[PDB]
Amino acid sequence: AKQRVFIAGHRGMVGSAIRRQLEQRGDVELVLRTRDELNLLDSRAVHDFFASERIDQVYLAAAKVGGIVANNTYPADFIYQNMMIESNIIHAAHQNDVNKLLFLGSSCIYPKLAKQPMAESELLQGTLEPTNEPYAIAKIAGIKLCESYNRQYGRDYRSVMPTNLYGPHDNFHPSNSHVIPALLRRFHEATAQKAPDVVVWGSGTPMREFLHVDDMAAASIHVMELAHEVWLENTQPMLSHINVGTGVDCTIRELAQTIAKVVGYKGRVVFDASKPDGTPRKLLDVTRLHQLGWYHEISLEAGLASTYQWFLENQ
């Protein structure tokens, strides 16, 4: 009997990445519902789905996600919708004897002034970035729902905290606040237009971390499928999440120059240092994941190149 695996949010960036890998697995039967078929905000509908579809495992990749403008403009929508989706799925899963779930956090969940690189223990150690506060609180509440169900009911609801992601199915619009898809699109257009330069705000000095979504999906399946005793040995019940990333930083400068090369731009990348930089360094400590035997396979250069080719095929 193949395991029946529900990938919530399977048309999303991360959900689709997990689907492309599991779609290859003869030991897995995927159960998929679009938003039109199942509105994850509707408690009744979510319970009815779990009460009729005989699910074994859930990948919780459904969420209301956006960039800086969206998070500051629709804060109520970000906190409410994520709290409801998470609560409805985790509670319905439990009520229907679904023992295995993988929840997705976000690195934006860590305190603004966290110690770098950020180990899992940085969670809740200080105040949040205001732009992401509503979203972050709902994501932290999701982790704590999983841990609470694990502790009270002996569930196996695991969680992963990705770093910045990029890859197929992203939003490739020049005004995206997420730097990889924005820069890919900006450099693509500047290359098409023969623009003499592309100006990036800031000095280029801050160090950040990036992981291709197919690596994220692989790590998530890896973490989901570890035997429970191994997962327990490398986590704590009230500190259960696992950072997923490279553990390696690169300057914004390096990233922009690499994107320029990947797209074949021959103008100048220019940084405007009159605009402020964020903190000097932000990256995850991925010791737990590496101790668990998973290491990322996609280098930045290779991942940016394949991402750009996906964009070119999907304009």
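When you see a residue number, it is the position in the sequence shown, counting from 1.
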Averaging only over Cα atoms, indicate whether 187 to 195 or 157 to 165 has the higher B-factor in the PDB entry.
187 to 195
Entry B factor averaged over C-alpha atoms, 133 to 141 against 98 to 106: higher for 98 to 106
Which is it among 273, 31, 284, 262: the one with the largest CA B-factor in the entry?
31
Can you tell me which of 240, 81, 148, 176 has the highest Cα temperature factor in the record?
176
Among the chain's modelled residues, which third holds the C-alpha B-factor of residue 125?
middle
Determine, from the deposited record, the chain-internal third of the Cα B-factor for residue 86: lowest, middle or highest.
lowest
Compared with the other modelled residues in the chain, in which third is the CA B-factor of residue 16?
middle
Sorting the chain's CA B-factors, does residue 61 end up in the lowest, middle or highest third?
middle
With respect to C-alpha B-factor, does residue 221 fall in the lowest, middle or highest third of the chain as deposited?
middle
